């Protein structure tokens, strides 16, 4: 509608977050991004949380529908009613529209305009994530092209993070976590997934002592997710010390 | 594109499983507009869909109102609270429209008749929660009138343990307390409802028992909160 002030959009995104109105939150943040200014660390998290919640609800719904559709097609003497697939396809189109919106914001404003490496890695990781979400629902020749786009974004983010960030950096840790999930679940490379998660965990472990107590908590929380994934993917009980 | 009555009902059940309540409501609104009566299962689908949609709006409106009250600088809170309120009002008006245009009829079974009139009381009550001035008074009168008509039918045609009858009495007592500022009517209604249902609990099948006692617990919880209030084993 009429031109809003960037500061009013950010304030409304924070109000929408408190009200658990994630679609409104995303729309406020999209408007703020389109103002052309860089996002602060707090503002990047608002953009990320808004779209993560929106796409997370779509991905959860798509998974339920896809399971119902699969079971009714496989089982019994008949196929599922056409309604399941039509509804699953409505949810999928809507999911694709949100990923395309995020990828559009990243390519039009956020990746090119970023100052620091911290924010460049954050946006390139986000690009990998939203191509990964698109890959989860893709099937044909489109699937291969989307998987290449996700790998390419994650790899560029990895290259930068290795050059500019310490191994304990939470953004660097979170990126390596998501990239390993991509290798395992999307690119069907469990070996790459395990070696990336092992290397990430080990290199971060070696510098844990150098961290301030608040940095330590941020880092170990992500290292835990790497370790959990490794246990799940890949052995004696532990007594004290 | 399968959008006939039976396809709309099937998609509403899928939307429920996927926790897509706005899709669920839109499917059920479409099914209602087909002009046919809703079965017991279908009425529950309509109710669950709009309850979840309006519940998210009411929770959001309460947060924004809370922030606005503490803040009273900054015009954004009120503008945003007003956007959420208008949207909430639009959903209540859609539900009230469906009830008046298609669902509320003089000739059906008592359960369905009480069910729709209770839903009318509920959505006027949600409108009353955000209403101010002249409009508030008319909305409160409309809610009381719908709830009262639902109460007359339920006392004449349903047993005291009937879950619809229990749920109606619960919501009407909440209306007396919160909306009409009559805590005495609220308390008296909740006490009578609980006591009369308690007397017949022994007659119920195990599935009926669970449905009835679960609503009776909400009446009792409300009574404890409204009136005031140790015990060892026995």
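Numbering starts at 1 and runs along the chain as it is shown here.
The way this entry was determined, per its header, is X-ray crystallography, 2.0 Å.
Note: Cβ is positioned from N, Cα and C throughout, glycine not excepted.
Listed features, source the PDB entry:
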SEQADV    A:1-3  expression tag
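Here is what Swiss-Prot records for this protein:
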MOD_RES   A:8  phosphoserine
MOD_RES   A:77  phosphoserine
SITE      A:59  site 'Interaction with phosphoserine on interacting protein'
SITE      A:132  site 'Interaction with phosphoserine on interacting protein'
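Take the CB of residue A:59 (site 'Interaction with phosphoserine on interacting protein') and look out to 10 A: across all protein chains shown you find 17 other CB atoms. The Cα of residue A:234 and the Cα of residue A:235, which border 4 unmodelled residues, are 10 Å apart.
Those recorded positions from the list A:8, A:59, A:77, A:132 that have a Cβ under 8 Å from chain B Cβ atoms: A:8.
For the modified residues shown (A:8, A:77), fewest C-beta neighbours within 10 angstroms: A:77. Among the recorded positions listed here, namely A:8, A:59, A:77, A:59 has its C-alpha nearest to that of residue A:132 (site 'Interaction with phosphoserine on interacting protein').
Broken down by DSSP into helix, strand and coil, the expression tag (A:1-3) contains 0 helix, 0 strand, 3 coil. Across the structure, residue A:77 (phosphoserine) and residue A:59 (site 'Interaction with phosphoserine on interacting protein') are spaced 30 Å apart at their Cα atoms. Here the CA atom of residue A:59 (site 'Interaction with phosphoserine on interacting protein') lies 30 Å from the CA atom of residue A:8 (phosphoserine).
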